[PDB]
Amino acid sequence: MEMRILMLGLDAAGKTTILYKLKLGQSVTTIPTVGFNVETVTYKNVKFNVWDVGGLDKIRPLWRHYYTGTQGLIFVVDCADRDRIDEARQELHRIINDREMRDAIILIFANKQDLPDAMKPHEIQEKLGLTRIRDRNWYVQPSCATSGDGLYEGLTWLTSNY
């Protein structure tokens, strides 16, 4: 089958690193994304149509224009970024409450786990206010986008949950 995925998260979460690590098997140097990227990634016979939309604050009000038709939401989080974690919860909840994004299942990449003193997957779950949510299908996946760790485990969770 085929699946349409939207990948969102604050700037510098690691979205573009993830997208290009998954598609080119390479850890490439990234520029802050002012715009968006589209790749089609094939894994376990699933054709993932992934949309990496920039996360700089002045691009976020435009996120809603890529909601329609999303089957999978990937939300990527810098786990070493303690300052902006609450902000990150606020964005995530803004996304999953929109009418167009009601049926999309949610994958959180708890990214940058390699980094000194990064918050763990369960703490992320807590601080993103996911624990309470029982009407939506979600999962927090620990990852390191530069090594590739967790990434395909995340794509596997999606495979299973559609």
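Numbering starts at 1 and follows the sequence shown.
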| query | finding |
| --- | --- |
| 131-139 versus 59-67 - which carries the larger mean C-alpha B factor in the record | 131-139 |
| Of the residues 101, 53, 50, 108, the one carrying the largest Cα B-factor as recorded | 101 |
| CA B-factor placement of residue 3, once the chain's modelled residues are sorted into thirds | highest |
| Ranked against its chain, the third holding the CA B-factor of residue 74 | lowest |
| Chain-relative CA temperature factor third for residue 38 | lowest |
| CA B-factor ranking of residue 32, expressed as a third of its chain | lowest |
